[PDB]
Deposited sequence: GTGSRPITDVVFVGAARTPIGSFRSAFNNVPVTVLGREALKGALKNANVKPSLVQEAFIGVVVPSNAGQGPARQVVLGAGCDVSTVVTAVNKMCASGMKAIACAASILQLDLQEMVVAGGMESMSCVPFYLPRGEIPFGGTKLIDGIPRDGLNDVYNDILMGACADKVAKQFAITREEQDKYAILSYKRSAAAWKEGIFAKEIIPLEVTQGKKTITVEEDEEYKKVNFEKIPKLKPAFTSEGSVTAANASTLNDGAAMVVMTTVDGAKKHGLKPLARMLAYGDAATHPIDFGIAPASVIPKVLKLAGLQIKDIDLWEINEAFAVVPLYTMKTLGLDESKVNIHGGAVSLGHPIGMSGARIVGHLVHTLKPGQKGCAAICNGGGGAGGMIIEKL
C-alpha cells in the first residue's frame, strides 16, 4: 500500500482545561475516553470495529494499569482490541498517529484509533522506595521530574527556550508580540465556531465543560511588564510560554478499502510522517529540521503547504521555525496554539493533527510539527479530502 491509502475518518478532542481548574481531579483516562467516544461518533464508526489503538501519554503516574487500555475499553471498544501507549514527550500524540499509520500501510490492521492525552492536574508527587533517609527527603513533583525538566542540563524546558532565544536573537518583544497574536487568534477562532466540529463536551461534577479554558486567562497590558519566568536575564515569561493543562484528542483511521467497506467518508489522507532530533537543550530548533524531512517524503515544497501547525511550546519555537524556513506567518497557527490554549503534554501532537483534519479545505495540505523534551520533533503532513 502507498501511504496515501491511509485515511482519517474521524477526529475529536476535549476542551483543554487550565491547571487544577475545569478538569481538576478528572483522571486522564476519563478525558481520553470522552475524546475517543467523540472521534468514533465523528467517524460514524461503531466502537466494535476498532482493532487496534495507540495513545500518547507522558506522565500517567497513579492513573492505574494501562491507562490507554482503560480509555479504549471505557469508550466501548471490544476487549479484543489491541492497545499500546507511547511516550515521545510532547510529540507523543503525533507519534501515536504515525504508529497507527504504519500498521495500516502494512495491512496488519484495517481500523485503528490513535491520539494523545494528559492530565497534568492529576500528576502525583513521588517518594522513593526504601529507607526514608535520616534528616528527611524531598517529595518530588512528577510534572517537572518526568514531564518538563531536561535531565541532561537539569534545567526546565523554558530555560532551554531562553538559551535558544538568546542564540538566535528572538527578543522578548517578538515573543510577546507572537503570544498576543496567539491569544487573539484563539479567541477569534472560538467566536467564529472554528472548533465546533472537533470539540466534544464533558460533564464534570455538575457543569458542562465545552470551551478551552486557558485563552481568556490573559492581560495584554501586563504582558510586556512580566518578569522572566525561567532565567534572571531571560526573555521567556508565563505569558509567552505554554501552560500546564489537561485534555485529550483522538482520531479514527482506516484504509481506503476499509472506508469503502464500512460506508465511511474519508476526511483526509496521510502524505508523510517522521521525526528529527538534536541536542536536548535545542529542542526548540528541531521542528525546523523535521519539516524539510517530511516535505521530502511527501515530494512537496514549503509553498505547497496551506496551513502549518507548529506547536507553540514557547513563542520562541514558531518564531524560530518561521524565520529560519521562510514561512508565511499568516499560514502558521492561524487559530492559536499552546501558548494561549495550553499544552497537555501527551495531547498536543494529536490535537494539532486533528485540527488540520477538520479545518483544512478539501484539497489543501497541512503540516504539523511538534518539538519535544529530549531534543526531538515529530512531523506530519496530510491532505484534506
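Since the structure holds only modelled residues, which stretches of the deposited sequence does it leave out? Residues lacking C-alpha coordinates: 1-4, 210-213.
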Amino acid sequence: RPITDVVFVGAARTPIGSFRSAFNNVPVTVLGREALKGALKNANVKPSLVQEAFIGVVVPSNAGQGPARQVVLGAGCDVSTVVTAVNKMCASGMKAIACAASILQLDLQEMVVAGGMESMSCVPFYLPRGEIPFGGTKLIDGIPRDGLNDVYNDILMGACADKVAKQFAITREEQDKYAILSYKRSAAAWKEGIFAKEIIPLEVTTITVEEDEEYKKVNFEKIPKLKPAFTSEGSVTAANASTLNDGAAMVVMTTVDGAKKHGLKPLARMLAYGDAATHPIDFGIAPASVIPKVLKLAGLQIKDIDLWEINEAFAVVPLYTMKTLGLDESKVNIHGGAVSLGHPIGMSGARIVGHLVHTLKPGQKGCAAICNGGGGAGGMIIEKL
From here on, numbers count along this sequence of modelled residues.
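Can you tell me which stretch has the higher mean Cα B-factor, 323-331 or 27-35? Stretch with the greater average CA B-factor: 323-331.
Comparing 255-263 with 67-75, where is the mean C-alpha B-factor higher? Taking the mean B-factor of the alpha carbons in each, 255-263 is higher.
For the CA B factor values reported in this entry, which option in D141, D246, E221, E214 has the top one? Going by the entry's C-alpha B-factors, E221 comes out highest.
So if I compare the CA B-factors in the entry for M94, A277, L202, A100, which one is the largest? Each of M94, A277, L202, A100 was compared by C-alpha B-factor; the highest is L202.
Can you tell me which third, lowest, middle or highest, the CA B-factor of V236 falls into for its chain? Middle third - that is where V236 ends up once the chain's C-alpha B-factors are sorted.
Where does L49 sit by CA temperature factor within its chain: lowest, middle or highest third? For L49, whose C-alpha B-factor we compare with every modelled residue in the chain, the answer is the highest third.
Can you tell me whether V83 has a C-alpha B-factor in the lowest, middle or highest third compared with the other modelled residues of the same chain? Ranked within chain, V83 CA B lands in the lowest tercile.
Chain-wide C-alpha B factor ranking for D146, given as lowest, middle or highest third: Ranked within chain, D146 CA B lands in the lowest tercile.
Would you check the entry's CA temperature factor for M380 and let me know if it's in the chain's lowest, middle or highest third? As the PDB entry reports it, the C-alpha B-factor of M380 lands in the lowest third of its chain.
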